[PDB]
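Working notes, structure below.
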Ligand SMILES: Nc1ncnc2c1ncn2[C@@H]1O[C@H](CSCC[C@H](N)C(=O)O)[C@@H](O)[C@H]1O
Ligand SMILES: Nc1ncnc2c1ncn2[C@@H]1O[C@H](CSCC[C@H](N)C(=O)O)[C@@H](O)[C@H]1O
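Protein chains in written order, with the numbering used here: chain A, 1 to 239; chain B, 240 to 478.
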């Protein structure tokens, strides 16, 4: 491009997708292939996607890094004229923890561009061959998380949310299935209501488990699923 | 590939994304480029995405086609040994109306593969630079539609859903903003609660409107948005 526009002062926040390297958007892949600096969280974002960055890119893992340092590193590379990008699992809007870095960067005059991606809810619906909305059955899909030690807001408890009897998709809840069950049975759900668990959707080790509220905790333990699972609950998951 | 596996007896149900041709997944684009037969719904799925199909592909519009005919055409092409694919807006799980064709096709022994895509909810969150989940504010995102003449299930009315005070994302509701407002104010929401409307997210004519419950219907009419809008309501949309 011919003329300087201060385009290094930008962060691209790219929705990698659920894990298969080909479920990134075409646009996210173009940016990932041009970036000079690639930030991401190990074993959640596939290594085969991150290896698509160009020879010479600086690839940084952010897990063991505090907020101000990560941000300070991003700005240093930006101010050296580098194209900097941060790759997030699924779509960043769902528990991507992007707001804190955005607020600090915009105060330093950085532009943000978020590139939307395939969220794991939808990757799991697809793998399960389910549409989450069924005319005359349910027209609402509730994205949430079960409460473990970190409480959820007062008006968002799983039981209250489950009184709507629609489709419920649980993030960050694979080791909270006893709590999920209790919450569903206290809302009045049948213990036979369908629950589909998709562990690592789209990865080579994906597992699809079909079960019900009553066997949820046993199907989790029996199948060894203790992380990275998307739980789809409702009559739209009836096979 | 060396040996016959009955691989023509398959339907790929591909999540095109919100509209920009580059927000299709890399995988959906590969399938779209190989397909012999491409089915889709005009002006909702961009022409520039559908033009990526290969020279010679048969491109069929399905709007003016009944269920059994579309299905009967899909099977005829399958049984001639053709690779057949159907391209749906956003992600097919959200009001993609895929279940009816799946049930009829599986009875004829067809395999289904759904390729998840970027739903318009997430395309609109990105355009608005918003994360929909904020620790200590909201951990739940409710995907639904306002009720016009086609009623929603009894336990899924907008007001009841809005008592959770979380993020609410309305599909198919751009000309129902008076009903949405009433439903939000009856649930007790402040009339100042942020509402972001993204009309045609990612298309060349995208418009981002920032407003509140109280000015929702006027901001829609004033901006001329009467279709293809994604309404994100909640304190997570506070700019
Ligand atoms: N490939 C995958 N399969 C199943 N669940 C997944 C997943 N990737 C992420 N998750 C879900 O996401 C949680 C992490 S929170 C990050 C979610 C991501 N923003 C997205 O849109 O998918 C996990 O606990 C699990 O609930
Ligand atoms: N590009 C876009 N911008 C805004 N809303 C859009 C959109 N594409 C589809 N929609 C939303 O989707 C509705 C059609 S129902 C089909 C939705 C699609 N399955 C998806 O996941 O996005 C529209 O009324 C509008 O609410």
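Built from N, CA and C at the ideal position, the CB exists for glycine as well.
Within its chain, find whatever has a CB closer than 6 Å to the CB of residue i; leave out the 5 residues flanking it on each side and keep chain order.
i: residue 209(A); result: 197, 219 and 223
i: residue 337(B); result: 252 and 331
i: residue 158(A); result: 146 and 183
i: residue 148(A); result: 176
i: residue 418(B); result: 385
i: residue 351(B); result: 250 and 341
i: residue 313(B); result: 323
i: residue 70(A); result: 62
Who are the near neighbours of residue i in its chain, counting only those whose CB is closer than 7 Å to its CB and skipping five residues on each side?
i: residue 181(A); result: 213, 216 and 217
i: residue 257(B); result: 329, 357, 359, 362, 440 and 441
i: residue 141(A); result: 132, 133, 166, 167 and 169
i: residue 31(A); result: 12, 14, 85 and 115
i: residue 321(B); result: 247, 275 and 276
i: residue 53(A); result: 32, 33, 35, 38 and 59
i: residue 466(B); result: 413
Specify the secondary structure class of residue i as computed by DSSP and reduced to three states.
i: residue 241(A); result: This structure does not reach residue 241(A), given that chain A is present from 1 up to 239, and the question cannot be answered.
i: residue 382(B); result: strand
i: residue 291(B); result: coil
i: residue 408(B); result: strand
i: residue 160(A); result: helix
i: residue 431(B); result: coil
i: residue 417(B); result: helix
i: residue 20(A); result: coil
i: residue 436(B); result: strand
i: residue 241(B); result: coil
i: residue 302(B); result: coil
i: residue 345(B); result: helix
i: residue 128(A); result: coil
i: residue 96(A); result: coil
i: residue 387(B); result: coil
i: residue 223(A); result: coil
i: residue 80(A); result: coil
i: residue 45(A); result: coil
i: residue 362(B); result: helix
i: residue 218(A); result: helix
i: residue 9(A); result: coil
Could you pull out every residue in the same chain whose Cβ sits closer than 8 Å to the Cβ of residue i, ignoring the five residues on either side in sequence?
i: residue 369(B); result: 435, 471, 475 and 476
i: residue 109(A); result: 9
i: residue 296(B); result: 274, 275, 276 and 277
Would residue i be called buried (16 or more neighbouring beta carbons within 10 Å of its own) or exposed?
i: residue 240(A); result: What the structure shows of chain A is the stretch from 1 to 239, and residue 240(A) is not part of that stretch, so it cannot be assessed.
i: residue 390(B); result: exposed
i: residue 47(A); result: exposed
i: residue 268(B); result: buried
i: residue 80(A); result: exposed
i: residue 429(B); result: exposed
i: residue 194(A); result: buried
i: residue 365(B); result: buried
i: residue 87(A); result: buried
i: residue 411(B); result: buried
i: residue 306(B); result: exposed
i: residue 20(A); result: buried
i: residue 63(A); result: exposed
i: residue 241(B); result: exposed
i: residue 156(A); result: buried
i: residue 16(A); result: buried
i: residue 6(A); result: exposed
i: residue 106(A); result: exposed
i: residue 335(B); result: buried
i: residue 473(B); result: buried
Quick one: what's residue i bridged to in DSSP?
i: residue 58(A); result: 37(A)
i: residue 88(A); result: 15(A)
i: residue 205(A); result: In the DSSP output, where bridge partners are listed per residue, residue 205(A) has none listed.
i: residue 377(B); result: 373(B)
i: residue 449(B); result: 435(B)
i: residue 535(B); result: This structure gives no information on residue 535(B), because the portion of chain B shown stretches from 240 to 478.
i: residue 25(A); result: 264(B)
Could you tell me whether the region 413–428 of chain B touches the region 397–405 of chain B, using the rule of 3 or more Cβ pairs below 8 Å? Pairwise C-beta distances place the region 413–428 of chain B in contact with the region 397–405 of chain B, as three or more of them are shorter than 8 Å.
May I ask you to verify whether the region 356–367 of chain B touches the region 108–127 of chain A, counting CB pairs closer than 8 Å and requiring at least 3? Three or more beta-carbon pairs separated by less than 8 Å link the region 356–367 of chain B to the region 108–127 of chain A, which places the two stretches in contact.
Could you say if the region 91–99 of chain A and the region 40–47 of chain A meet the contact criterion of at least three C-beta pairs nearer than 8 Å? Touching, no.
Below 8 Å, how does it come out for the region 4–11 of chain A and the region 93–113 of chain A: are there three or more Cβ pairs, yes or no? Below 8 Å, enough C-beta pairs join the region 4–11 of chain A and the region 93–113 of chain A to call them touching: three or more.
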